[PDB]
Amino acid sequence: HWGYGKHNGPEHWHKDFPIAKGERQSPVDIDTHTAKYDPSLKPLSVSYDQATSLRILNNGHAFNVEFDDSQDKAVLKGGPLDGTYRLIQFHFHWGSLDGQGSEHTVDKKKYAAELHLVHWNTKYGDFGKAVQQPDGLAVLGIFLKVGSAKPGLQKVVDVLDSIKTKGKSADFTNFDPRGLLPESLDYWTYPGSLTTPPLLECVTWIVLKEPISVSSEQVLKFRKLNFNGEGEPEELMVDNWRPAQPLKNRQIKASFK
Ligand SMILES: [Zn+2]
């Protein structure tokens, strides 16, 4: 039912998902004047050498690259996190134009896109159990700006033509998610939610300060995808981002000075 249209987009999600009006919704604007450096925050640790990508899928709202999360092959630890979080999928949100597309903003600035690397806490034993808990998920969010090409993104861009419409998928093995990281892993963190329905308040957000650069050619490939299924009227998969939600009572902490 839900999507990003005038009729079914973020403004309306609360009708079927009333947590959309909740106290810990994502994304948020990150005000660098109030998001204070916290010298107790630890560095992020990613152990991705055994990461095992399986498939890439157009699910009608984005494309997901899915990973084998049956063992500790690709894990996020440290930062604000207690214990071990396994990578299950990554996906992006992006705009129709370069000046919009990110979900998080930084002093109201919107980036061209935002990458989300979705991990779940092995405390809970599978993703479905994890999403029911406040400490269930950790999502690493990485901004994209348009400039030089990102070499590590090219493998993704090169298969998007094979999953144009909703429901299409392709084999996608041997993808290295380290290739999507920026050089600095300085971050902001706060407690929040999934940014699509069901909007569950189960996420420790970790949003990197440093954007990655992608080329105009790369992000243009994103914008050729379709929200629709095969044989339906074309609706380009663009502006699949939720806008900033109220911070309410929450604290955003910065890992860096
Ligand atoms: Zn996302």
Side-chain angles (χ1 to χ4, degrees), residues 2-4 8-32 34-36 38 41 44 59 61-64 76 79-82 85 87-95 100-121 124 127-128 130-144 180 185-212 239-255:
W2 64 266
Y4 292 93
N8 64 351
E11 287 297 359
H12 301 292
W13 292 349
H14 67 278
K15 290 170 188 170
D16 286 351
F17 299 91
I19 202 168
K21 308 168 285 186
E23 297 301 298
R24 304 199 309 274
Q25 292 288 295
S26 292
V28 298
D29 182 56
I30 301 168
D31 175 344
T32 59
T34 60
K36 296 306 203 184
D38 176 356
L41 281 171
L44 299 171
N59 58 23
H61 42 101
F63 64 87
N64 288 4
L76 175 65
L81 306 172
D82 286 333
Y85 289 68
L87 178 64
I88 181 167
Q89 56 101 335
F90 70 73
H91 61 273
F92 305 77
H93 307 264
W94 61 92
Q100 65 203 62
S102 68
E103 299 210 302
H104 295 88
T105 57
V106 181
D107 297 321
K108 304 296 179 60
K109 177 194 170 68
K110 293 168 164 98
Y111 291 89
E114 187 174 328
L115 163 62
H116 291 160
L117 298 112
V118 182
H119 308 74
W120 62 269
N121 192 339
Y124 296 114
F127 179 82
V131 297
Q132 295 295 315
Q133 302 294 345
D135 64 342
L137 298 196
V139 181
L140 182 55
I142 306 179
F143 296 123
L144 281 62
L180 298 175
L185 275 53
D186 291 342
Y187 66 86
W188 298 277
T189 183
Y190 75 96
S193 80
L194 307 181
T195 71
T196 52
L199 303 169
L200 295 167
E201 291 179 343
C202 64
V203 182
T204 301
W205 277 100
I206 301 166
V207 176
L208 297 189
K209 177 185 212 302
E210 182 175 350
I212 64 172
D239 295 315
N240 59 348
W241 53 276
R242 190 189 190 187
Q245 300 299 307
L247 188 60
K248 305 278 200 184
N249 209 1
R250 289 173 295 178
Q251 182 179 21
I252 311 176
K253 303 177 187 163
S255 80

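Numbers here are sequence positions counted from 1.
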Which atom pair, heavy atoms only, marks the closest approach of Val131 to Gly128? CG2-O, 3.3 Å
Partner residues of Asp29 under the salt bridge (charged side-chain N to carboxylate O under 4.0 Å, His left out) criterion, sequence neighbours left out: none
Using the side chain to side chain contact (heavy atoms under 4.5 Å, CB included) rule, take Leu76 and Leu87 through it: C-alpha gap first, then chi angles, then the decisive distance, then the call. CA-CA 7 Å; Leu76 175 65; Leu87 178 64; over 6 Å; no
Distance in Å, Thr34 OG1 paired with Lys36 NZ, rounded so as to fall on 0.5 Å steps: 7.5 Å
Return all side-chain donor-acceptor pairs below 3.5 angstrom for residues 204-212, not counting sequence neighbours, or 'none' if the list is empty.
| from | atom 1 | to | atom 2 | distance (Å) |
| --- | --- | --- | --- | --- |
| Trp205 | NE1 | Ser26 | OG | 3.1 |
| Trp205 | NE1 | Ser193 | O | 2.9 |
| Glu210 | OE1 | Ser184 | N | 2.8 |

Does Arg250 use its side chain to pair, donor to acceptor, with the backbone of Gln25 at less than 3.5 Å? yes
Side chain to side chain contact (heavy atoms under 4.5 Å, CB included) partners of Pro246, counting only residues at least two apart: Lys248
Would you please name every residue forming a side chain to side chain contact (heavy atoms under 4.5 Å, CB included) with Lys253, sequence neighbours left out? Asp38, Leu41, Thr189, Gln251
Pair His61 and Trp2, ring centroids less than 6.0 Å apart: yes
Heavy-atom closest contact (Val106 atom, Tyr111 atom, distance): CG2-CE1, 4.2 Å
Distance-only side-chain donor-acceptor flag, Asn121 / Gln133, under 3.5 Å: no
Examine distances only and state if a side-chain atom of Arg24 and a backbone atom of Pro191 form a donor-acceptor pair shorter than 3.5 Å. no
Heavy-atom closest contact (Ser255 atom, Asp186 atom, distance): OG-CA, 3.6 Å
Listed pairs under 3.5 Å, donor-acceptor, residues 88-95 side chains, sequence neighbours left out:
| from | atom 1 | to | atom 2 | distance (Å) |
| --- | --- | --- | --- | --- |
| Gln89 | OE1 | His91 | ND1 | 2.7 |
| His91 | NE2 | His93 | NE2 | 3.3 |
| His91 | NE2 | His116 | ND1 | 3.4 |
| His93 | ND1 | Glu103 | OE2 | 3.3 |
| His93 | ND1 | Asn240 | O | 2.8 |
| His93 | NE2 | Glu103 | OE1 | 3.2 |
| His93 | NE2 | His116 | ND1 | 3.1 |
| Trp94 | NE1 | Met237 | O | 2.9 |

Taking all non-hydrogen atoms of both residues, which atom of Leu44 and which atom of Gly79 are closest, and how far apart? CD2-CA, 3.8 Å
From CZ (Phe63) to CG (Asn59), nearest 0.5 Å: 10.5 Å
Establish, for the pair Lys15 and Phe17, whether the NZ or CZ atom is under 6.0 angstrom from the six-membered ring centre and no further than 45 degrees off its axis. no
Without swapping roles, check the side chain of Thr105 against the backbone of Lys110 for a donor-acceptor pair under 3.5 Å. no
For a 4.5 angstrom cut-off between non-hydrogen side-chain atoms, does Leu200 reach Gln132? yes
Between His104 and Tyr190, is the ring centre distance below 6.0 Å? yes
If every non-hydrogen atom of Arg242 is compared with every non-hydrogen atom of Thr195, which pair is closest and at what distance? CD-O, 3.6 Å
Distance-minimising heavy-atom pair for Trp13 and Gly3: NE1-O, 3.1 Å
Does atom CG of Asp107 have more than 12 heavy-atom neighbours, drawn from other residues, nucleotides or ligands, at distances under 6.0 Å? yes
Donor-acceptor contact present, side-chain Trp241 to main-chain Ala113, <3.5 Å: no
CG/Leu140 to OH/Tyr187 distance, rounded to the nearest 0.5 angstrom? 11.0 Å
Could you go step by step and tell me if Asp239 and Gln100 meet the side-chain hydrogen bond (donor to acceptor under 3.5 Å, both in side chains) rule? CA-CA 8 Å; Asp239 295 315; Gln100 65 203 62; 2.9 Å; yes
Sorted by chain and residue number, the side chain to side chain contact (heavy atoms under 4.5 Å, CB included) partners of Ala130 (sequence neighbours excluded) come out as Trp120, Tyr124, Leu137
Crowded around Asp31 CG? As in, over 12 foreign heavy atoms under 6.0 Å? yes
Nearest-0.5 Å distance that lies between atom SG in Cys202 and atom CG in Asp135: 9.5 Å
